[PDB]
Visitor: 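Pasting a structure below so you can have a look.
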Amino acid sequence: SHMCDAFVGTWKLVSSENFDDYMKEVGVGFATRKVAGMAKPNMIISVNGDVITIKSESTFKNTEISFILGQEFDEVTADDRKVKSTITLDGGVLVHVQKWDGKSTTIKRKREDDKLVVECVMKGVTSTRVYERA
Ligand SMILES: O=C(O)Cc1cccc(-c2ccc(Cl)cc2Oc2ccccc2)c1
């Protein structure tokens, strides 16, 4: 159905801003922030039918989620939070909401020019992570 076509592919992190602050807001501890903040993950997005898969490979952690839009799932984040996640498409933006311990964070993923821009928001803190095709 060509849902998410423009996201599919292999992407490499090329810039980050305010990610340490976003991680602090989320509750990540010092040593994990330092190691995760160094990483330059490879994000691999694919679609098979209604199922979207987002994999991240890095020297820190490798992660993988598979999901159907609008349908809540279990996720273990790279910092080992056990969260309940729902991912939707809103106006061509992938919106990923994570709920845990009465907290919430939202991760938005959008295509902008030849980049895939990832915006991570926790309370008033935003981190912007820019990916290019690998
Ligand atoms: O995907 C994005 O770029 C933004 C992004 C989105 C959602 C979660 C995290 C994230 C939150 C905490 C920690 Cl410790 C690592 C994290 O990701 C990683 C995973 C591997 C390597 C580095 C950061 C990063």
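Here, residue 1 is the first one in the sequence, and each next residue gets the next number.
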Visitor: Please determine whether side chain to side chain contact (heavy atoms under 4.5 Å, CB included) holds for the pair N62 and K55, giving the CA-CA distance in whole Å, both sets of side-chain angles, and the decisive distance to 0.1 Å.
Guide: CA-CA 7 Å; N62 298 322; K55 289 181 61 178; over 6 Å; no
Visitor: If you round to the nearest 0.5 Å, how far is CG of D20 from CZ of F30?
Guide: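 Rounded to the nearest 0.5 Å, the CZ-CG separation comes to 8.5 Å.
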Visitor: Pair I54, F67 - check side chain to side chain contact (heavy atoms under 4.5 Å, CB included), show working.
Guide: CA-CA 9 Å; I54 301 177; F67 59 90; 4.0 Å; yes
Visitor: According to a hydrophobic-cluster definition based on side-chain heavy atoms being under 4.5 Å apart (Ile, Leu, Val, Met, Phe, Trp, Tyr only), do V26 and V125 belong together?
Guide: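 Per the 4.5 Å side-chain linkage, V26 and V125 are co-clustered.
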Visitor: Taking all heavy atoms of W11 and all of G9, pick out the closest pair and write down the distance.
Guide: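 That closest heavy-atom pairing would be CD1-O, 3.6 Å.
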Visitor: What distance separates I45 CD1 from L116 CG, expressed to the nearest 0.5 Å?
Guide: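 The CD1 atom of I45 sits 5.0 Å away from the CG atom of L116.
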Visitor: With a 4.5 Å heavy-atom cut-off, do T10 and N42 have their side chains touching?
Guide: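 Yes - at least one pair of side-chain heavy atoms lies under 4.5 Å apart.
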Visitor: Minimum heavy-atom separation for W100 to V83, with atom names?
Guide: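 Scanning both residues, the minimum pair turns out to be CB-CG1, 3.7 Å.
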Visitor: Going by the angle between their ring planes, with limits at 30° and 60°, are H96 and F73 parallel, tilted or perpendicular?
Guide: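 Answer is tilted, since the angle falls between 30° and 60°.
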Visitor: Using every non-hydrogen atom in the two residues, find where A39 and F60 come nearest and quote the distance to one decimal.
Guide: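 Looks like CB-CB, 4.2 Å.
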Visitor: Examine distances only and state if a side-chain atom of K82 and a backbone atom of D80 form a donor-acceptor pair shorter than 3.5 Å.
Guide: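 Present.
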Visitor: When you look at CG of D5, are more than 12 heavy atoms from neighbouring residues, nucleotides or ligands closer to it than 6.0 Å?
Guide: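 Correct, the count exceeds 12.
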Visitor: Does atom CG of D50 have more than 12 heavy-atom neighbours from other groups under 6.0 Å away?
Guide: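 Check fails, neighbour count at 12 or below.
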Visitor: Quick check: does any side chain N or O of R111 sit under 3.5 Å from a backbone N or O of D113, one acting as donor and the other as acceptor?
Guide: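 Yes; judged by distance alone, with no hydrogens or angles, the pair exists.
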Visitor: Pick out which of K110, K108, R109 makes a side chain to side chain contact (heavy atoms under 4.5 Å, CB included) with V117.
Guide: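 Of all the options given, the one that passes is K110.
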Visitor: With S85, which of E75, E72, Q71 fulfils side chain to side chain donor-acceptor pair (under 3.5 Å)?
Guide: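 Result: among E75, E72, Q71, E75 is the only option passing the side chain to side chain donor-acceptor pair (under 3.5 Å) with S85.
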Visitor: Under the 3.5 angstrom rule, does the side chain of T105 hit a backbone N or O of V121 as a donor-acceptor pair?
Guide: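 Checked: pair present.
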Visitor: Do you know the tightest heavy-atom contact between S104 and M122?
Guide: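 Distance-wise, the nearest heavy atoms are O-SD, 3.2 Å.
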Visitor: Taking side chain as C-beta onward, heavy atoms only, is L69 less than 4.5 Å from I52?
Guide: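 When only atoms from C-beta onward are counted, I52 and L69 do touch, with a gap below 4.5 Å.
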Visitor: Members other than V51 in its cluster, when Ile, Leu, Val, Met, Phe, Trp, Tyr link by side-chain heavy atoms under 4.5 Å?
Guide: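 For the cluster that includes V51, the remaining residues are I68.
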Visitor: Does any N or O in the side chain of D74 come within less than 3.5 Å of the main-chain N or O of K84, such that one atom is a donor and the other an acceptor?
Guide: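 No, because the side chain of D74 does not come within donor-acceptor range (under 3.5 Å) of the backbone of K84.
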Visitor: Within this structure, what is the OG-CE distance for the pair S16 and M38, rounded to the nearest 0.5 Å?
Guide: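 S16 atom OG to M38 atom CE measures 11.5 Å (nearest 0.5 Å).
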Visitor: State plainly whether one hydrophobic cluster holds both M3 and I87, where clusters connect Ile, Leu, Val, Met, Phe, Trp and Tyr through side-chain heavy atoms under 4.5 angstrom apart.
Guide: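 As far as the 4.5 Å side-chain criterion goes, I87 and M3 are connected within one cluster.
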Visitor: For a quick test of reading the model, state the closest non-hydrogen atom pair linking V130 to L13 and the distance between them.
Guide: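 In this case the closest contact between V130 and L13 is O-CD1, 3.5 Å.
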Visitor: For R81, which residues count as a side-chain hydrogen bond (donor to acceptor under 3.5 Å, both in side chains) partner, sequence neighbours excluded?
Guide: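 Partners of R81 by the side-chain hydrogen bond (donor to acceptor under 3.5 Å, both in side chains) criterion, ordered by chain and then number, come out as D79, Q98.
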Visitor: Quick one: pull up SG in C120 and CG in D21 and give me the separation to the nearest 0.5 Å.
Guide: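 So the SG of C120 and the CG of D21 are separated by 12.5 Å.
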Visitor: Measure the spacing between CE of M43 and OG of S58 and express it to the nearest 0.5 Å.
Guide: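 One finds 12.5 Å between CE of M43 and OG of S58.
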Visitor: May I have the step-by-step check of side chain to side chain contact (heavy atoms under 4.5 Å, CB included) for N18 and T126, ending in yes or no?
Guide: CA-CA 7 Å; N18 302 301; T126 307; over 6 Å; no
Visitor: Where is the tightest heavy-atom contact between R133 and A6, given as atom of each residue plus distance?
Guide: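 In this case the closest contact between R133 and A6 is NH2-O, 3.8 Å.
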Visitor: When you compare the side chain of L94 with that of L89, does any pair of heavy atoms fall below 4.5 Å?
Guide: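 With C-beta onward as the side chain, the pair touches.
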